[PDB]
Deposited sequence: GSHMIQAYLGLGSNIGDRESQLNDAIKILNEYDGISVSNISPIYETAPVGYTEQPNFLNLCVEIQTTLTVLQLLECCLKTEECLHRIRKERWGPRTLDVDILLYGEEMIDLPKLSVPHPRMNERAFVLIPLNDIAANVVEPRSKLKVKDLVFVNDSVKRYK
């Protein structure tokens, strides 16, 4: 049946905003995934560009492992098609939450085990998932989010 999940997307190279918008486009077009909500974008502040990050709410009929493959194929797709002969990767797609489930595999940890210490994740996530419970801490997102001045709305 249909599960609600949250993804975190980040990019700090090229047309960063396009990367993010293209990742969302691709994800929305996999079978078993539809994008139901999108956070605003945030910028986070040595000489390489700042990250843009956002969070995405999806409704999916996929298993969390199938969802992981979709995320990685999306990273892979955008990367392969980059102009620049080599360089740092263009896009990170991380699974933040999958229902209220906890998953501990070598290849997969959900909830993302570092989300709670990252404002560039929590702040955008709080814009679309304030009342969702993070099952490890058993706190809601809105109870975890904190102010961080280095994270600005873009």
property: Missing CA stretches, deposited numbering from 1, N-terminus first; result: 1 to 2, 48 to 51, 161
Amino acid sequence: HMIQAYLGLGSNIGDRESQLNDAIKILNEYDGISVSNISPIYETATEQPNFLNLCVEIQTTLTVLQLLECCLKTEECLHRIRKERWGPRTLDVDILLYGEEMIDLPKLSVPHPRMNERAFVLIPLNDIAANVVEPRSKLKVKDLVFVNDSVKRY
From here on, numbers count along this sequence of modelled residues.
query	finding
Which of 27 to 35 and 82 to 90 has higher mean CA B factor, as the PDB entry lists it	82 to 90
Residue with highest C-alpha B-factor in the PDB entry, from 49, 111, 99, 124	49
Assigned third (lowest, middle, highest) for the C-alpha B factor of residue 3	middle
Record-listed C-alpha B factor of residue 44: chain third	highest
Position of residue 68 among the chain's modelled residues by C-alpha B-factor, lowest, middle or highest third	middle
Record-listed C-alpha B factor of residue 141: chain third	middle
For residue 128, the third of its chain into which the C-alpha B factor falls	lowest
